[PDB]
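Chemist: Structure file model19.csv, CSV, C-alpha atoms and all ligand atoms, is pasted below:
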```
chain,number,residue,atom,x,y,z
E,1,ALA,CA,0.0,0.0,0.0
E,2,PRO,CA,1.0,3.7,-0.2
E,3,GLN,CA,3.3,4.4,2.8
E,4,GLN,CA,1.1,7.5,3.8
E,5,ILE,CA,-1.9,5.2,4.3
E,6,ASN,CA,0.1,2.5,6.1
E,7,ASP,CA,1.7,5.1,8.4
E,8,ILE,CA,-1.4,7.1,9.3
E,9,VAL,CA,-3.5,4.0,9.9
E,10,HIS,CA,-0.9,2.2,12.1
E,11,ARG,CA,0.1,5.2,14.0
E,12,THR,CA,-3.6,6.0,14.9
E,13,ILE,CA,-4.9,2.4,15.3
E,14,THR,CA,-2.1,0.8,17.3
E,15,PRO,CA,-2.4,3.2,20.3
E,16,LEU,CA,-6.2,3.0,20.1
E,17,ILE,CA,-6.1,-0.8,20.4
E,18,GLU,CA,-3.6,-0.5,23.3
E,19,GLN,CA,-5.6,2.2,25.1
E,20,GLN,CA,-9.0,0.5,24.7
E,21,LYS,CA,-7.8,-3.1,25.1
E,22,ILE,CA,-9.5,-4.1,21.8
E,23,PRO,CA,-9.0,-7.9,21.3
E,24,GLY,CA,-9.4,-7.7,17.5
E,25,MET,CA,-9.8,-5.1,14.8
E,26,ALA,CA,-10.2,-4.6,11.1
E,27,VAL,CA,-9.9,-1.3,9.3
E,28,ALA,CA,-10.5,-0.3,5.6
E,29,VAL,CA,-9.5,2.9,4.1
E,30,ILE,CA,-11.0,3.9,0.8
E,31,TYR,CA,-8.6,6.3,-0.9
E,32,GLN,CA,-9.4,7.5,-4.4
E,33,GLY,CA,-12.1,4.9,-4.7
E,34,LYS,CA,-9.8,1.9,-3.8
E,35,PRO,CA,-9.7,0.0,-0.5
E,36,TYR,CA,-6.8,-0.8,1.7
E,37,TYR,CA,-7.1,-3.3,4.5
E,38,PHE,CA,-5.6,-3.7,7.9
E,39,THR,CA,-6.1,-6.2,10.7
E,40,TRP,CA,-5.0,-6.8,14.3
E,41,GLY,CA,-5.5,-9.3,17.0
E,42,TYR,CA,-8.1,-12.0,17.6
E,43,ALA,CA,-11.6,-12.9,16.3
E,44,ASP,CA,-11.5,-15.6,18.9
E,45,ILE,CA,-9.1,-15.4,21.8
E,46,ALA,CA,-9.7,-18.9,23.3
E,47,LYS,CA,-9.2,-20.6,19.9
E,48,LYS,CA,-6.4,-18.2,18.8
E,49,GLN,CA,-8.2,-17.3,15.6
E,50,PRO,CA,-6.8,-14.0,14.1
E,51,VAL,CA,-8.9,-11.2,12.6
E,52,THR,CA,-8.7,-11.5,8.8
E,53,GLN,CA,-10.4,-9.8,5.8
E,54,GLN,CA,-13.0,-12.6,6.0
E,55,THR,CA,-13.9,-12.1,9.7
E,56,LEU,CA,-17.5,-11.3,10.4
E,57,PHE,CA,-18.2,-8.5,12.9
E,58,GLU,CA,-21.6,-7.4,14.4
E,59,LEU,CA,-22.3,-4.0,13.0
E,60,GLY,CA,-24.9,-3.1,15.5
E,61,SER,CA,-26.5,0.2,14.6
E,62,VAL,CA,-24.4,0.6,11.5
E,63,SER,CA,-27.1,-1.8,10.3
E,64,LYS,CA,-29.4,1.3,10.2
E,65,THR,CA,-27.6,2.4,7.0
E,66,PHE,CA,-28.7,-0.7,5.2
E,67,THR,CA,-32.2,-0.3,6.5
E,68,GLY,CA,-32.3,3.3,5.3
E,69,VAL,CA,-31.0,2.5,1.8
E,70,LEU,CA,-33.5,-0.5,1.6
E,71,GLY,CA,-36.2,2.0,2.5
E,72,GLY,CA,-34.9,4.4,-0.1
E,73,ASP,CA,-35.0,1.6,-2.7
E,74,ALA,CA,-38.7,1.0,-1.9
E,75,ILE,CA,-39.4,4.7,-2.3
E,76,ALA,CA,-37.7,4.5,-5.7
E,77,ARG,CA,-39.7,1.4,-6.7
E,78,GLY,CA,-42.9,3.3,-5.9
E,79,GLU,CA,-43.8,0.8,-3.2
E,80,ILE,CA,-43.9,3.4,-0.3
E,81,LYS,CA,-43.7,7.1,0.3
E,82,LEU,CA,-42.1,8.7,3.3
E,83,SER,CA,-45.2,11.0,3.5
E,84,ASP,CA,-47.5,7.9,4.0
E,85,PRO,CA,-49.1,7.5,7.4
E,86,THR,CA,-47.7,4.6,9.4
E,87,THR,CA,-51.3,3.3,9.6
E,88,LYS,CA,-51.4,2.8,5.9
E,89,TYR,CA,-49.1,-0.2,6.3
E,90,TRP,CA,-50.4,-1.3,9.7
E,91,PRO,CA,-54.2,-1.2,9.7
E,92,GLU,CA,-54.4,-2.7,13.2
E,93,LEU,CA,-52.5,0.4,14.5
E,94,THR,CA,-55.7,2.3,15.4
E,95,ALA,CA,-54.7,4.4,18.5
E,96,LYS,CA,-55.2,8.1,17.8
E,97,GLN,CA,-51.6,9.2,18.8
E,98,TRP,CA,-50.5,7.7,15.4
E,99,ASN,CA,-52.6,10.2,13.5
E,100,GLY,CA,-50.0,12.4,11.7
E,101,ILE,CA,-47.0,10.0,12.4
E,102,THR,CA,-45.5,9.1,9.0
E,103,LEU,CA,-42.9,6.7,7.7
E,104,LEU,CA,-40.5,9.8,7.6
E,105,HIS,CA,-40.9,10.2,11.3
E,106,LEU,CA,-40.2,6.5,12.0
E,107,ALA,CA,-37.2,6.4,9.7
E,108,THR,CA,-35.7,9.6,11.3
E,109,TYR,CA,-36.5,9.2,15.0
E,110,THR,CA,-38.9,12.1,15.0
E,111,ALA,CA,-42.2,10.3,15.8
E,112,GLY,CA,-42.3,12.1,19.2
E,113,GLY,CA,-40.4,9.9,21.6
E,114,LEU,CA,-40.4,6.3,20.6
E,115,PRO,CA,-38.0,4.5,23.0
E,116,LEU,CA,-34.4,3.6,22.3
E,117,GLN,CA,-35.2,-0.1,22.7
E,118,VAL,CA,-38.2,-2.3,22.1
E,119,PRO,CA,-38.8,-3.9,25.5
E,120,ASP,CA,-37.3,-7.4,26.0
E,121,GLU,CA,-40.8,-8.6,27.0
E,122,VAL,CA,-42.1,-7.8,23.4
E,123,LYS,CA,-41.8,-11.2,21.6
E,124,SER,CA,-44.9,-11.9,19.4
E,125,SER,CA,-46.6,-9.9,16.7
E,126,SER,CA,-49.5,-9.4,19.2
E,127,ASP,CA,-46.9,-8.1,21.8
E,128,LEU,CA,-45.5,-5.7,19.2
E,129,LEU,CA,-49.0,-4.4,18.3
E,130,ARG,CA,-49.8,-3.8,21.9
E,131,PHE,CA,-46.5,-2.0,22.5
E,132,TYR,CA,-47.0,0.5,19.6
E,133,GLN,CA,-50.7,0.9,20.4
E,134,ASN,CA,-50.0,1.8,24.1
E,135,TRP,CA,-47.0,4.0,23.4
E,136,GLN,CA,-47.7,7.6,24.4
E,137,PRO,CA,-45.6,10.4,22.7
E,138,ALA,CA,-43.8,13.1,24.7
E,139,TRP,CA,-43.8,15.4,21.7
E,140,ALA,CA,-45.8,16.3,18.6
E,141,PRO,CA,-44.5,14.5,15.4
E,142,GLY,CA,-41.6,16.2,13.7
E,143,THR,CA,-40.5,18.4,16.6
E,144,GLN,CA,-37.9,16.3,18.5
E,145,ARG,CA,-35.3,13.7,17.5
E,146,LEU,CA,-34.7,10.8,19.9
E,147,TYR,CA,-32.5,8.0,18.5
E,148,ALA,CA,-34.5,4.8,18.7
E,149,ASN,CA,-34.4,1.2,17.5
E,150,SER,CA,-38.1,1.0,18.0
E,151,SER,CA,-38.5,3.9,15.5
E,152,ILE,CA,-36.3,2.9,12.5
E,153,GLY,CA,-37.0,-0.8,13.4
E,154,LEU,CA,-40.7,-0.3,12.6
E,155,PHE,CA,-39.8,1.8,9.5
E,156,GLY,CA,-37.8,-1.2,8.2
E,157,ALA,CA,-40.6,-3.7,8.9
E,158,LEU,CA,-43.2,-1.5,7.2
E,159,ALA,CA,-41.1,-0.4,4.2
E,160,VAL,CA,-40.9,-4.0,2.9
E,161,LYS,CA,-44.6,-4.8,3.4
E,162,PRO,CA,-45.8,-3.9,-0.2
E,163,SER,CA,-43.1,-6.1,-1.7
E,164,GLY,CA,-44.5,-9.1,0.2
E,165,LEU,CA,-40.9,-10.0,1.1
E,166,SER,CA,-39.6,-10.6,4.6
E,167,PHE,CA,-37.2,-7.9,5.7
E,168,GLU,CA,-34.2,-10.3,5.3
E,169,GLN,CA,-35.3,-11.5,1.9
E,170,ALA,CA,-35.8,-7.9,0.7
E,171,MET,CA,-32.3,-6.9,2.0
E,172,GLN,CA,-30.6,-9.9,0.5
E,173,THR,CA,-32.3,-9.6,-2.9
E,174,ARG,CA,-32.3,-5.8,-3.3
E,175,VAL,CA,-29.2,-4.5,-1.5
E,176,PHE,CA,-26.7,-7.3,-0.6
E,177,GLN,CA,-26.9,-9.3,-3.9
E,178,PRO,CA,-26.8,-6.4,-6.3
E,179,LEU,CA,-23.8,-4.9,-4.5
E,180,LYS,CA,-22.0,-8.3,-4.3
E,181,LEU,CA,-22.0,-8.2,-0.5
E,182,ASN,CA,-21.7,-12.0,-0.5
E,183,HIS,CA,-20.4,-12.2,3.2
E,184,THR,CA,-22.9,-9.8,4.8
E,185,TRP,CA,-25.8,-11.4,6.8
E,186,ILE,CA,-28.8,-10.7,8.9
E,187,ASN,CA,-28.5,-14.3,10.1
E,188,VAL,CA,-25.0,-15.9,10.0
E,189,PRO,CA,-25.2,-19.2,8.1
E,190,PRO,CA,-23.4,-22.4,9.3
E,191,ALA,CA,-21.0,-22.1,6.3
E,192,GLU,CA,-19.7,-18.8,7.7
E,193,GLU,CA,-19.6,-19.7,11.4
E,194,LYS,CA,-15.8,-20.3,11.4
E,195,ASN,CA,-15.4,-16.6,10.4
E,196,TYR,CA,-17.8,-15.1,13.0
E,197,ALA,CA,-15.8,-13.3,15.6
E,198,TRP,CA,-16.8,-13.4,19.2
E,199,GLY,CA,-17.6,-10.0,20.8
E,200,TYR,CA,-15.9,-9.3,24.2
E,201,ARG,CA,-17.7,-7.6,27.1
E,202,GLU,CA,-16.1,-7.6,30.5
E,203,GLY,CA,-13.7,-10.3,29.2
E,204,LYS,CA,-16.6,-12.7,28.3
E,205,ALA,CA,-17.3,-13.9,24.7
E,206,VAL,CA,-20.7,-12.7,23.6
E,207,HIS,CA,-22.9,-12.5,20.5
E,208,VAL,CA,-25.9,-10.3,19.9
E,209,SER,CA,-29.2,-11.8,21.4
E,210,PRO,CA,-32.4,-12.1,19.4
E,211,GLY,CA,-34.9,-9.4,19.9
E,212,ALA,CA,-38.0,-7.9,18.2
E,213,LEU,CA,-37.1,-5.7,15.1
E,214,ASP,CA,-33.4,-6.7,15.5
E,215,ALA,CA,-32.6,-7.2,11.8
E,216,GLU,CA,-34.0,-3.7,11.0
E,217,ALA,CA,-32.2,-1.8,13.7
E,218,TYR,CA,-29.0,-3.6,14.7
E,219,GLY,CA,-28.8,-7.1,13.3
E,220,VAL,CA,-26.3,-7.1,10.3
E,221,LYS,CA,-22.9,-8.9,10.4
E,222,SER,CA,-20.3,-8.2,7.8
E,223,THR,CA,-16.6,-8.4,6.8
E,224,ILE,CA,-14.2,-5.5,6.3
E,225,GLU,CA,-14.2,-6.3,2.6
E,226,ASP,CA,-18.0,-6.1,2.2
E,227,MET,CA,-18.1,-2.9,4.4
E,228,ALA,CA,-15.4,-1.3,2.2
E,229,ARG,CA,-17.6,-2.1,-0.8
E,230,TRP,CA,-20.6,-0.7,1.1
E,231,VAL,CA,-18.7,2.6,1.6
E,232,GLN,CA,-17.7,2.6,-2.1
E,233,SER,CA,-21.3,2.1,-3.1
E,234,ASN,CA,-22.5,5.0,-0.9
E,235,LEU,CA,-19.5,7.2,-1.9
E,236,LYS,CA,-20.3,6.8,-5.6
E,237,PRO,CA,-23.9,5.7,-6.2
E,238,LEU,CA,-23.9,6.6,-9.9
E,239,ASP,CA,-21.7,3.6,-10.5
E,240,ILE,CA,-24.5,1.4,-9.3
E,241,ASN,CA,-26.3,-0.2,-12.2
E,242,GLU,CA,-29.6,-1.0,-10.5
E,243,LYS,CA,-31.6,2.2,-10.8
E,244,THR,CA,-33.9,2.0,-7.8
E,245,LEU,CA,-30.8,1.0,-5.6
E,246,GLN,CA,-28.9,4.0,-7.0
E,247,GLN,CA,-31.8,6.4,-6.1
E,248,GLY,CA,-32.3,4.7,-2.8
E,249,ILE,CA,-28.7,5.4,-1.7
E,250,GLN,CA,-29.2,9.0,-2.8
E,251,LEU,CA,-32.4,9.3,-0.8
E,252,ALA,CA,-30.6,7.9,2.3
E,253,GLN,CA,-28.2,10.8,2.2
E,254,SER,CA,-30.8,13.5,1.7
E,255,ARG,CA,-31.1,15.9,4.6
E,256,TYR,CA,-34.4,15.7,6.3
E,257,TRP,CA,-33.8,17.4,9.7
E,258,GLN,CA,-31.1,19.5,11.3
E,259,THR,CA,-30.1,19.4,15.0
E,260,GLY,CA,-27.1,21.6,15.9
E,261,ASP,CA,-24.7,21.0,13.0
E,262,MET,CA,-25.9,17.5,12.1
E,263,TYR,CA,-28.3,16.5,9.4
E,264,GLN,CA,-30.5,13.3,9.6
E,265,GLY,CA,-30.7,11.0,6.6
E,266,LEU,CA,-32.2,7.5,6.4
E,267,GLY,CA,-29.8,5.7,8.7
E,268,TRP,CA,-26.8,7.9,7.6
E,269,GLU,CA,-26.1,11.1,9.5
E,270,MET,CA,-24.3,14.0,7.8
E,271,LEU,CA,-22.4,17.2,8.5
E,272,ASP,CA,-21.0,19.8,6.1
E,273,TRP,CA,-17.4,19.1,5.1
E,274,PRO,CA,-15.0,20.6,6.4
E,275,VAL,CA,-16.3,19.5,9.8
E,276,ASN,CA,-15.3,20.8,13.2
E,277,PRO,CA,-13.7,17.6,14.5
E,278,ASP,CA,-14.6,18.6,18.1
E,279,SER,CA,-18.2,18.6,17.0
E,280,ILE,CA,-18.3,15.2,15.4
E,281,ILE,CA,-16.0,13.7,18.1
E,282,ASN,CA,-18.0,15.2,21.1
E,283,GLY,CA,-21.3,14.8,19.3
E,284,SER,CA,-20.7,11.0,18.9
E,285,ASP,CA,-20.7,10.6,22.7
E,286,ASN,CA,-23.9,8.7,23.7
E,287,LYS,CA,-24.6,11.6,26.2
E,288,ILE,CA,-25.3,13.7,23.1
E,289,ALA,CA,-26.1,11.0,20.4
E,290,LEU,CA,-28.9,9.4,22.5
E,291,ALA,CA,-30.3,12.7,23.8
E,292,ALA,CA,-33.7,14.1,22.8
E,293,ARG,CA,-33.0,17.3,20.8
E,294,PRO,CA,-35.3,19.7,18.9
E,295,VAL,CA,-35.1,19.5,15.1
E,296,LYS,CA,-35.5,22.0,12.3
E,297,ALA,CA,-37.5,20.6,9.4
E,298,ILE,CA,-35.7,20.8,6.1
E,299,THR,CA,-38.6,21.6,3.8
E,300,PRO,CA,-38.1,20.1,1.3
E,301,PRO,CA,-35.2,17.8,2.1
E,302,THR,CA,-31.8,18.8,0.5
E,303,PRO,CA,-30.5,16.2,-1.9
E,304,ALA,CA,-27.3,14.3,-1.0
E,305,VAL,CA,-24.5,16.9,-0.6
E,306,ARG,CA,-21.1,15.8,-1.9
E,307,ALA,CA,-19.2,18.1,0.5
E,308,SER,CA,-20.3,16.1,3.6
E,309,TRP,CA,-18.9,14.0,6.3
E,310,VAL,CA,-21.3,11.0,6.1
E,311,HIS,CA,-21.2,8.6,9.0
E,312,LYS,CA,-22.7,6.2,11.5
E,313,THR,CA,-21.5,4.7,14.8
E,314,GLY,CA,-22.9,1.3,16.0
E,315,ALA,CA,-22.4,-1.2,18.7
E,316,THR,CA,-23.6,-4.4,20.3
E,317,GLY,CA,-22.7,-5.7,23.8
E,318,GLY,CA,-19.4,-7.1,22.4
E,319,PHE,CA,-18.7,-5.0,19.3
E,320,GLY,CA,-18.0,-1.4,18.2
E,321,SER,CA,-18.1,-0.2,14.7
E,322,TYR,CA,-17.7,3.1,12.8
E,323,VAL,CA,-18.1,4.1,9.2
E,324,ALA,CA,-17.4,7.5,7.7
E,325,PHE,CA,-16.9,9.0,4.2
E,326,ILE,CA,-16.5,12.2,2.2
E,327,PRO,CA,-18.1,11.9,-1.3
E,328,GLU,CA,-16.3,15.0,-2.6
E,329,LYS,CA,-12.9,13.5,-1.7
E,330,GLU,CA,-13.6,9.8,-2.7
E,331,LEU,CA,-12.4,9.1,0.8
E,332,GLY,CA,-13.8,6.7,3.5
E,333,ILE,CA,-13.1,4.5,6.4
E,334,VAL,CA,-14.5,1.4,8.2
E,335,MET,CA,-13.4,0.5,11.6
E,336,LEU,CA,-14.7,-2.9,13.0
E,337,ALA,CA,-13.8,-4.1,16.5
E,338,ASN,CA,-14.9,-7.0,18.8
E,339,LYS,CA,-15.2,-4.7,21.8
E,340,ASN,CA,-17.8,-2.0,22.4
E,341,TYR,CA,-15.3,0.9,23.1
E,342,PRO,CA,-16.5,4.6,23.4
E,343,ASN,CA,-17.8,6.3,20.3
E,344,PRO,CA,-15.6,9.4,20.6
E,345,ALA,CA,-12.4,7.3,20.4
E,346,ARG,CA,-13.8,5.8,17.2
E,347,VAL,CA,-14.5,9.2,15.6
E,348,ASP,CA,-11.3,10.8,16.8
E,349,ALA,CA,-9.2,8.0,15.1
E,350,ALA,CA,-11.3,8.2,11.9
E,351,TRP,CA,-10.9,12.0,11.8
E,352,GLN,CA,-7.2,11.8,12.3
E,353,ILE,CA,-6.9,9.2,9.5
E,354,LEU,CA,-9.1,10.9,6.9
E,355,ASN,CA,-7.8,14.4,7.7
E,356,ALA,CA,-4.2,13.2,7.0
E,357,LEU,CA,-5.3,11.7,3.6
E,358,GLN,CA,-7.6,14.5,2.5
E,401,LIG,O1,-24.4,2.0,20.0
E,401,LIG,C1,-25.4,1.5,19.4
E,401,LIG,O2,-25.4,0.9,18.3
E,401,LIG,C2,-26.8,1.7,20.0
E,401,LIG,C3,-26.8,1.0,21.4
E,401,LIG,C4,-28.1,1.5,22.1
E,401,LIG,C5,-28.3,0.8,23.4
E,401,LIG,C6,-29.2,-0.3,23.4
E,401,LIG,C7,-29.4,-1.0,24.6
E,401,LIG,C8,-28.7,-0.7,25.8
E,401,LIG,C9,-27.8,0.3,25.7
E,401,LIG,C10,-27.1,0.7,26.9
E,401,LIG,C11,-26.2,1.7,26.9
E,401,LIG,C12,-26.0,2.5,25.7
E,401,LIG,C13,-26.7,2.1,24.6
E,401,LIG,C14,-27.6,1.1,24.6
E,401,LIG,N1,-27.0,-0.5,21.3
E,401,LIG,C15,-27.9,-1.1,20.5
E,401,LIG,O3,-28.6,-0.6,19.7
E,401,LIG,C16,-27.8,-2.5,20.8
E,401,LIG,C17,-28.5,-3.6,20.3
E,401,LIG,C18,-28.2,-4.9,20.8
E,401,LIG,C19,-27.2,-5.0,21.8
E,401,LIG,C20,-26.9,-6.5,22.2
E,401,LIG,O4,-25.7,-6.8,22.5
E,401,LIG,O5,-27.9,-7.3,22.3
E,401,LIG,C21,-26.5,-3.9,22.3
E,401,LIG,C22,-26.8,-2.6,21.8
E,401,LIG,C23,-26.3,-1.3,22.1
E,401,LIG,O6,-25.5,-1.1,22.9
```
Starting from the coordinates I provided, produce the structure as structure tokens.

Modeler:
Amino acid sequence: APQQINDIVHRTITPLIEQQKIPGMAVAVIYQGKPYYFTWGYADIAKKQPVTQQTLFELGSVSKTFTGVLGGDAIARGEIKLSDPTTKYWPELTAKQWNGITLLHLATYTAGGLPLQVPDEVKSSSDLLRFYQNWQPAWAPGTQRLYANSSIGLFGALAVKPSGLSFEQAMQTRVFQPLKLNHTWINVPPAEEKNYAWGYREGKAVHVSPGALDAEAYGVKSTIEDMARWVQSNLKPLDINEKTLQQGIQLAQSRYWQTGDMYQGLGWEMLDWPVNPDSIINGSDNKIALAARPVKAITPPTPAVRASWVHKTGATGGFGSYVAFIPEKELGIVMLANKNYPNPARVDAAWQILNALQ
């Protein structure tokens, strides 16, 4: 690889791993459209299995970027509209608080205070109906953003209804397969089990547990190679031959709401480039990122801006991931780790790397 890339990546990542006691890590840098890969440490400590370019990591909430684009693809196919009432796709949802709550609000966490997590107790379809029926908003729709798996999770489930496909089948057929993400999974198959890293939390080996609307909100597993290709695809959607997928990617980076200096897309979050690093670094802290904040409506939404820092953080109990890119600069990064280490450390390292290559 170019020495510049080698040196910035290693000088930033080595101390990060040391400081954060990360068992295993994979990093991709996309530089002028081409990926460069780096790996450290262990996918499985006990069995002495190293992290490779084929190792699967739990993306956690980075999954929301796939959900957003899949929703975008459905919009482009004419199957749904973000302006549609939630009730259009869920006729059993009769409770009056849902009047005025649209697919846009679900997708962008602005329904009025849907909770971060679907309760563990919610198992069945009848349980889920009861949960959403009984949910009482703190705020009018389209006034406050509160990051929520229960929000974008429901969006994901409803966006695929008109197709008649399950969420997983829809994602496989319409996103993963066209983009040749052949080692990206909602459910890891037996054939790939040898490559599936353990997550580590408080020293114990852990994998994500099943939960309602998990696929839609936090359930994707992927390799560093497929994630680099995912970044390439979002960096440069005009290279994508499938027209509805191309438009869907573009819609996911449209700017729907603004809070502080961030803009909410479908899954993706964006800021103008050049960014104030302090703002993205400090803003990634879950203190801020999980806080209820007032939003300004962008009416109508701004199309995907090339001069953006586009990103998403995501975690599970045992994994920590970050993806960021700058379309204008054909520059991007993917950082996958099998420890949930603090968001700001992720973003700081990503900033340092991309800033040096920009
Ligand atoms: O960083 C993210 O991607 C979002 C966070 C949001 C979240 C969900 C549940 C409990 C949490 C506790 C502290 C902080 C965030 C939490 N998140 C999740 O969204 C999430 C889903 C599943 C698991 C699991 O290991 O079963 C863990 C998490 C998880 O930490």

Chemist: Please give the centre and size of the box around ligand LIG 401 (chain E) (axis-aligned, containing every atom listed in the file, 5 Å added per side), with values in Å to one decimal and written as lines of an AutoDock Vina configuration file.

Modeler:
```
center_x = -26.9
center_y = -2.4
center_z = 22.6
size_x = 15.0
size_y = 19.8
size_z = 18.6
```

Chemist: With a cut-off of 6 Å, could you pull out the residues of range 315-340 of chain E touching range 55-66 of chain E and give me the nearest pair of atoms for each, distance in Å to one decimal, using only C-alpha atoms, ordered by chain and ascending number, as JSON lines?

Modeler:
```
{"residue": "E:315", "atom": "CA", "partner": "E:60", "partner_atom": "CA", "distance": 4.5}
{"residue": "E:316", "atom": "CA", "partner": "E:60", "partner_atom": "CA", "distance": 5.1}
{"residue": "E:321", "atom": "CA", "partner": "E:59", "partner_atom": "CA", "distance": 5.9}
```

Chemist: Taking only C-alpha atoms and all ligand atoms into account, which residues are within 8 Å of ligand LIG 401 (chain E), as a ChimeraX atom specification?

Modeler: /E:59-62,116-117,148-149,206-211,214,217-219,286,290,313-320,340,343

Chemist: My list of candidates is E:328, E:239, E:278, E:261. Which is closest to residue 348 in chain E when distances are computed with all atoms listed in the file?

Modeler: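 Between E:328, E:239, E:278, E:261, the residue approaching residue 348 in chain E most closely is E:278.
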
Chemist: Just to confirm, what's the straight-line distance from CA of residue 351 in chain E to CA of residue 281 in chain E in Å (one decimal)?

Modeler: 8.3 Å

Chemist: Which residue is closest to residue 106 in chain E? Choose from E:46, E:30, E:347, E:266 and count all atoms listed in the file.

Modeler: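 Looking only at the distances to residue 106 in chain E, the closest residue turns out to be E:266.
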
Chemist: Could you check which of E:113, E:295, E:129, E:224 is closest to residue 38 in chain E, using all atoms listed in the file?

Modeler: E:224

Chemist: Calculate how many Å separate CA of residue 248 in chain E from CA of residue 331 in chain E, rounding to one decimal.

Modeler: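 A separation of 20.7 Å between them.
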
Chemist: What does the structure give for the distance between CA of residue 51 in chain E and CA of residue 233 in chain E, in Å to one decimal?

Modeler: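 Between these atoms lies a distance of 24.0 Å.
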
Chemist: For each of E:204, E:145, E:21, E:105, take the minimum atom-to-atom distance to residue 292 in chain E, counting all atoms listed in the file, then give the residue where this is smallest.

Modeler: E:145

Chemist: Residues within 6 Å of residue 50 in chain E, please, as a short mmCIF file (atom, residue, chain, number, x, y, z; two decimals) with C-alpha atoms, keeping the file's coordinate frame. Count only C-alpha atoms; anything in the same chain fewer than 3 positions from it doesn't count.

Modeler:
```
data_model
loop_
_atom_site.label_atom_id
_atom_site.label_comp_id
_atom_site.auth_asym_id
_atom_site.auth_seq_id
_atom_site.Cartn_x
_atom_site.Cartn_y
_atom_site.Cartn_z
CA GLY E 41 -5.50 -9.30 17.00
CA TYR E 42 -8.10 -12.00 17.60
CA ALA E 43 -11.60 -12.90 16.30
#
```

Chemist: Could you check the closest approach to residue 44 in chain E for each of E:9, E:205, E:29, E:213 and tell me which residue wins, using all atoms listed in the file?

Modeler: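 Answer, going by the shortest atom-to-atom distance: E:205.
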
Chemist: Would you please work out which residue, of E:47, E:339, E:236, E:11, is nearest to residue 325 in chain E when using all atoms listed in the file?

Modeler: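 The shortest atom-to-atom distance to residue 325 in chain E comes from E:236.
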
Chemist: List every protein, DNA or RNA residue that has at least one atom no more than 8 Å from (-50.1, 6.7, 7.4) in the file's coordinates, counting only C-alpha atoms, and write the result as a PyMOL selection string.

Modeler: chain E and resi 83-89+99-103

Chemist: Taking 6 positions as the minimum chain separation for residues in the same chain, which residues sit within 10 Å of residue 223 in chain E when counting all atoms listed in the file? Answer as an NGL selection string.

Modeler: :E and (26 or 52-59 or 181-185 or 195-196 or 229 or 336)

Chemist: Pick out the residues sitting within 9 Å of residue 146 in chain E, and hand them over as an NGL selection string; count all atoms listed in the file, and ignore anything fewer than 2 positions along from it in its own chain.

Modeler: :E and (108-116 or 144 or 148 or 289-294)

Chemist: Go ahead and save the residues from that selection, with C-alpha atoms, as a PDB file, keeping the file's coordinate frame.

Modeler:
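So the final result, stored in selection.pdb, reads:
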```pdb
ATOM      1  CA  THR E 108     -35.700   9.600  11.300  1.00  0.00           C
ATOM      2  CA  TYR E 109     -36.500   9.200  15.000  1.00  0.00           C
ATOM      3  CA  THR E 110     -38.900  12.100  15.000  1.00  0.00           C
ATOM      4  CA  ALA E 111     -42.200  10.300  15.800  1.00  0.00           C
ATOM      5  CA  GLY E 112     -42.300  12.100  19.200  1.00  0.00           C
ATOM      6  CA  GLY E 113     -40.400   9.900  21.600  1.00  0.00           C
ATOM      7  CA  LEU E 114     -40.400   6.300  20.600  1.00  0.00           C
ATOM      8  CA  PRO E 115     -38.000   4.500  23.000  1.00  0.00           C
ATOM      9  CA  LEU E 116     -34.400   3.600  22.300  1.00  0.00           C
ATOM     10  CA  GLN E 144     -37.900  16.300  18.500  1.00  0.00           C
ATOM     11  CA  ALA E 148     -34.500   4.800  18.700  1.00  0.00           C
ATOM     12  CA  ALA E 289     -26.100  11.000  20.400  1.00  0.00           C
ATOM     13  CA  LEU E 290     -28.900   9.400  22.500  1.00  0.00           C
ATOM     14  CA  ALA E 291     -30.300  12.700  23.800  1.00  0.00           C
ATOM     15  CA  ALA E 292     -33.700  14.100  22.800  1.00  0.00           C
ATOM     16  CA  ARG E 293     -33.000  17.300  20.800  1.00  0.00           C
ATOM     17  CA  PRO E 294     -35.300  19.700  18.900  1.00  0.00           C
TER      18      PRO E 294
END
```

Chemist: Tell me which protein, DNA and RNA residues are within 10 Å of residue 95 in chain E, counting all atoms listed in the file, leaving out same-chain ones fewer than 5 positions away, and put them as a PyMOL selection string.

Modeler: chain E and resi 87+132-136

Chemist: Near residue 241 in chain E, within 12 Å and counting only C-alpha atoms, which residues show up once chain neighbours fewer than 6 positions away are dropped, as a list in words?

Modeler: residues 175, 178, 179, 233 and 247 of chain E

Chemist: Would you be able to write out as a short mmCIF file (atom, residue, chain, number, x, y, z; two decimals) with C-alpha atoms, in the coordinates of the input which residues have an atom within 12 Å of (-29.7, 5.6, -8.3) in the file's coordinates, counting only C-alpha atoms?

Modeler:
```
data_model
loop_
_atom_site.label_atom_id
_atom_site.label_comp_id
_atom_site.auth_asym_id
_atom_site.auth_seq_id
_atom_site.Cartn_x
_atom_site.Cartn_y
_atom_site.Cartn_z
CA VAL E 69 -31.00 2.50 1.80
CA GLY E 72 -34.90 4.40 -0.10
CA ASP E 73 -35.00 1.60 -2.70
CA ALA E 74 -38.70 1.00 -1.90
CA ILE E 75 -39.40 4.70 -2.30
CA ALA E 76 -37.70 4.50 -5.70
CA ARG E 77 -39.70 1.40 -6.70
CA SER E 233 -21.30 2.10 -3.10
CA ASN E 234 -22.50 5.00 -0.90
CA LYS E 236 -20.30 6.80 -5.60
CA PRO E 237 -23.90 5.70 -6.20
CA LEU E 238 -23.90 6.60 -9.90
CA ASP E 239 -21.70 3.60 -10.50
CA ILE E 240 -24.50 1.40 -9.30
CA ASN E 241 -26.30 -0.20 -12.20
CA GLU E 242 -29.60 -1.00 -10.50
CA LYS E 243 -31.60 2.20 -10.80
CA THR E 244 -33.90 2.00 -7.80
CA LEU E 245 -30.80 1.00 -5.60
CA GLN E 246 -28.90 4.00 -7.00
CA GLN E 247 -31.80 6.40 -6.10
CA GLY E 248 -32.30 4.70 -2.80
CA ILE E 249 -28.70 5.40 -1.70
CA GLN E 250 -29.20 9.00 -2.80
CA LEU E 251 -32.40 9.30 -0.80
CA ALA E 252 -30.60 7.90 2.30
CA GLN E 253 -28.20 10.80 2.20
CA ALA E 304 -27.30 14.30 -1.00
#
```
